Amino acid sequence: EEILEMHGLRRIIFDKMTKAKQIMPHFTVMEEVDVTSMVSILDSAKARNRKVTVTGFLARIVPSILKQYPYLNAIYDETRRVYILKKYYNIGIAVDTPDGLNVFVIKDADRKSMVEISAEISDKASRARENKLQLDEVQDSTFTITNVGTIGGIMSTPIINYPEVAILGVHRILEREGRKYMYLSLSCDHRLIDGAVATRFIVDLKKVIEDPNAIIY
Amino acid sequence: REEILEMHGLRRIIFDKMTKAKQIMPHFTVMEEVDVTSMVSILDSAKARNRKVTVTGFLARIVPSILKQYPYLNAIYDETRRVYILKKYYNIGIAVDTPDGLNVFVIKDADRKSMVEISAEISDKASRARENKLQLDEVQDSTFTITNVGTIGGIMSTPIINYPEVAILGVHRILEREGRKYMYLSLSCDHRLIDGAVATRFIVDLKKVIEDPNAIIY
Amino acid sequence: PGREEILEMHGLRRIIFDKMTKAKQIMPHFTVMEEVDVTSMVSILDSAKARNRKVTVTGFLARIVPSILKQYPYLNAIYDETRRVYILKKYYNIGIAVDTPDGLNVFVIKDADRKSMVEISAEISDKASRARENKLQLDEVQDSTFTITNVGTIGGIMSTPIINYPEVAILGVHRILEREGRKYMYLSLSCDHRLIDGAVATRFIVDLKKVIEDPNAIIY
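Going down the list, the sequences are from chains D, P and H.
Number 398 marks the last residue of the first sequence (UniProt numbering); no jumps.
Number 398 marks the last residue of the second sequence (UniProt numbering); no jumps.
Number 398 marks the last residue of the third sequence (UniProt numbering); no jumps.
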């Protein structure tokens with residue numbers, strides 16, 4: 182039988198994942214989303230230009246709804262008692278590497294359009310796998326998105342990249358009937374993200390991916 | 181540019197008691213799918229003359245029934261480790277949203293109460309709950325808890341049992357398929373008292389009823 | 179009104195209390211799930227319920243899973259109590275979850291990679307039927323490198339299972355469905371989200387979908 186000891190990166194996640202579920206009791210909701218109009222919005226932007234990914238695109242909406250449900254992007258402090266809510270909506274997106282997991286953070290989302298968000302993610306990925314991500318480039322996420330939905334899955338119950346308060350679960354696009362669906366999932370600090378507040382968000386995010394001719398306004 | 185926001189009356193009460201919730205009770209939570217077709221037209225008819233009732237208050241009536249079949253799930257955790265205390269009355273925690281936070285109220289002795297007596301209650305217990313007029317009377321010895329979010333959204337959640345009880349039951353949005361109307365159900369519980377198996381055997385033995393309410397007359 | 183009743187604790191009950199308390203105490207849990215075209219499997223079972231009793235879903239599954247624990251070695255491990263340790267295991271000894279009157283028991287198909295479909299399915303009843311009668315021996319309940327829990331012999335679409343501590347991964351079997359015009363079923367995974375990352379976890383079950391997905395090829 183072969184062993185090892187906890188190495189560099191694998192060390193960071195060991196201690197941050199223990200912390201994560203050590204401290205924050207998790208609650209998770211899932212919602213079906215008609216990503217049909219979605220798809221053809223991506224299959225149109227792939228032709229007439231370049232880029233956008235399912236991931237990137239979902240990162241363009243996510244802030245604007247964090248804006249609306251304020252409690253969803255805070256972090257939890259040293260101090261039991263307090264919270265620091267956040268008003269600079271910028272996201273992290275977890276990538277697989279060789280050495281381990283990662284979460285580069287694309288700064289103030291709600292100001293880089295969709296194309297950009299999605300080249301940002303690649304520059305930060307194709308480097309993530311080289312692990313040449315300057316330590317600047319991994320801080321200050323108000324909130325995080327995780328997509329297995331490239332590698333597979335249909336539904337996940339993620340662990341909240343601490344010390345954020347929420348994270349979002351992206352997945353494989355599945356073909357039931359004749360319209361393309363994808364389940365999303367949200368896990369969040371149920372010390373503060375209550376019954377409704379939880380859902381009420383995912384349902385709203387749902388509500389947009391499910392009518393993007395709107396996003397325009 | 182940030183915002184402090186500590187906590188208040190309730191927030192702080194929920195904080196500690198969610199901390200305390202999922203700190204001791206390890207969580208198995210399972211989901212079955214229910215052909216709630218035959219339940220919906222039950223209700224949708226009672227609108228056309230019977231005044232009520234509600235998806236919840238309906239589940240609430242059957243729920244106790246099925247508890248008496250598997251005692252372990254209507255059981256409260258305790259003080260010292262080493263102690264179990266299952267109860268044999270039935271008061272069901274059913275928890276609405278407020279602007280203040282998550283409130284939870286218990287329909288005392290639901291096993292004696294009527295589909296309507298239940299539902300015509302949850303209403304006057306929750307119109308209050310948001311406008312914050314709810315007596316201590318209305319909030320103590322719960323035996324188990326049900327939590328409808330599908331009046332809002334979602335297909336399935338991973339809800340967290342209300343302490344110190346031992347199981348909980350999530351309800352979520354109702355969707356068409358064939359189109360018969362299904363919706364997913366979920367119940368989470370303590371994996372010390374409720375071995376995985378027997379919880380499943382609870383929701384199916386619930387699932388079954390929701391799919392044969394004719395046969396609720398037993 | 180009302181009247182409660184204080185119900186104490188026991189050998190096996192209290193050992194479940196423990197394994198469980200201490201399961202989620204330190205295994206911070208992740209869950210993921212895919213859906214399988216179990217339609218091409220399920221029918222295989224059906225040709226062989228006719229001529230060669232028996233073979234199950236649990237049987238079928240048990241005998242594929244290790245060959246997929248081979249590809250990703252990271253989930254076939256114990257979790258160590260000099261804290262920071264590995265014990266990535268390299269032999270496969272698959273666990274099983276089963277309801278016995280007294281409480282949840284587990285047992286192990288010693289060396290799964292060496293046993294054919296039937297033999298394991300023989301062994302499972304020859305142990306469940308004996309855990310039920312509470313006559314199951316100390317060397318049979320040990321050494322599990324990984325465990326499967328089936329509930330869809332009673333129900334469930336999908337559940338978040340709890341690892342048999344101190345293993346490191348668990349796979350959760352469910353009922354089949356009949357979507358249209360196909361027979362699907364949800365599988366589930368739960369693993370220590372440290373010694374097992376984000377992707378990997380799914381990347382795993384997906385390759386396990388893959389070889390339920392086309393059994394026709396699993397002659398070799």
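Note that beta-carbon positions come from the ideal geometry of N, C-alpha and C, so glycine has one too.
Practice task
Starting from H:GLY281, find everything on chain P with Cβ-Cβ shorter than 7 Å and list it in chain order.
Solution key: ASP375
Practice task
May I ask which residues mark the beginning and end of the beta strand (DSSP E) holding H:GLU301?
Solution key: No beta strand (DSSP E) holds H:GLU301; the alpha helix (DSSP H) holding it covers 295-310.
Problem - Against chain H: residues of the stretch 194-214 of chain P by CB proximity under 8 Å - result: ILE204, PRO206, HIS207, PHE208, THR209, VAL210, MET211, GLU212 and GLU213
Practice task
Could you check the C-alpha separation between P:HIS188 and D:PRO393 for me, to the nearest Å?
Solution key: 38 Å
Problem - Cβ neighbours of P:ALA275 in the same chain (closer than 6 Å, five flanking residues each side left out) - result: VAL284 and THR327
Practice task
Report all residues from its chain with a CB closer than 8 Å to the CB of D:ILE242; omit the five preceding and five following residues, and keep chain order.
Solution key: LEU386, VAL389, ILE390 and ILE396
Problem - Under 7 Å from the C-beta of D:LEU185: neighbouring residues of chain H - result: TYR264
Practice task
Thinking D:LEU316 and D:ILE194 are a contact (beta carbons under 8 Å), I'd like their distance in whole angstroms, please.
Solution key: With 8 Å as the limit, D:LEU316 and D:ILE194 do not qualify as a contact, their Cβ atoms being about 16 Å apart.
Handout entry: Whole-number beta carbon distance between H:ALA300 and H:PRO244, since they are thought to touch under 8 Å
Key = About 18 Å; that fails the 8 Å criterion.
Practice task
Mind listing the chain P neighbours of H:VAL220? Cutoff is C-beta to C-beta under 9 Å, in chain order.
Solution key: What H:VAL220 touches in chain P: nothing, since even the nearest Cβ is about 18 Å away.
Practice task
Determine the burial state of P:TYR398: buried for a count of at least 16 other Cβ atoms within 10 Å of its Cβ, exposed for fewer.
Solution key: exposed
Handout entry: D:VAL263 classed as buried or exposed, judged by whether at least 16 other C-beta atoms fall within 10 angstroms
Key = exposed
Problem - Three-state secondary structure assigned by DSSP to H:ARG261 - result: coil
Exercise for the section: Give the residues of chain H in contact with P:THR380, contact being defined as C-beta atoms less than 7 Å apart. Expected result: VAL329, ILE332, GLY333 and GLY334
Problem - chain H residues whose Cβ lies nearer than 7 Å to that of P:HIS371 - result: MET198 and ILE340
Practice task
Give the DSSP bridge partners of H:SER322, in chain order.
Solution key: Bridge partners of H:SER322: none, in fact.
Problem - Closest by C-alpha distance to P:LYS248, when choosing among P:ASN271, P:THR234, P:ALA226 and P:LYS200 - result: P:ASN271
Handout entry: Contact check, H:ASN342 vs H:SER366, beta carbons under 8 Å
Key = no
Practice task
Spell out whether any CB of chain D is found under 8 Å from the CB atom of H:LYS361.
Solution key: no
Exercise for the section: Starting from D:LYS361, trace the beta strand (DSSP E) both ways and give me its first and last residue. Expected result: 360-370
Practice task
Check whether the Cβ atoms of D:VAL346 and D:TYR269 lie closer than 8 Å to each other.
Solution key: no
Problem - Limits of the alpha helix (DSSP H) - the one that D:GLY376 falls within - result: 376-390
Problem - Proximal chain P residues relative to H:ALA275, where beta-carbon distance stays under 7 Å - result: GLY376
Practice task
Could you tell me the boundaries of the beta strand (DSSP E) in which H:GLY333 lies?
Solution key: That residue, H:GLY333, is in no beta strand (DSSP E); it is neither H nor E in DSSP.
Handout entry: Inter-stretch contact (C-beta, 8 Å, three-pair minimum) for the stretch 211-230 of chain P and the stretch 301-315 of chain P
Key = no
Handout entry: Under 8 Å between C-beta atoms of D:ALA255 and D:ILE265
Key = yes
Practice task
For H:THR260, count neighbouring Cβ atoms within 10 angstroms of its own Cβ and tell me buried if that reaches 16, exposed if not.
Solution key: exposed
Handout entry: Coarse secondary structure for P:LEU185, derived from DSSP in three states
Key = coil
Problem - Rounded separation between D:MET336 and H:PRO179 - CA only - result: 43 Å
Practice task
Consult DSSP for H:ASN283 and reduce its assignment to one of helix, strand or coil.
Solution key: strand
Practice task
Establish whether the CB of P:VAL384 and some CB of chain H are separated by less than 8 Å.
Solution key: yes
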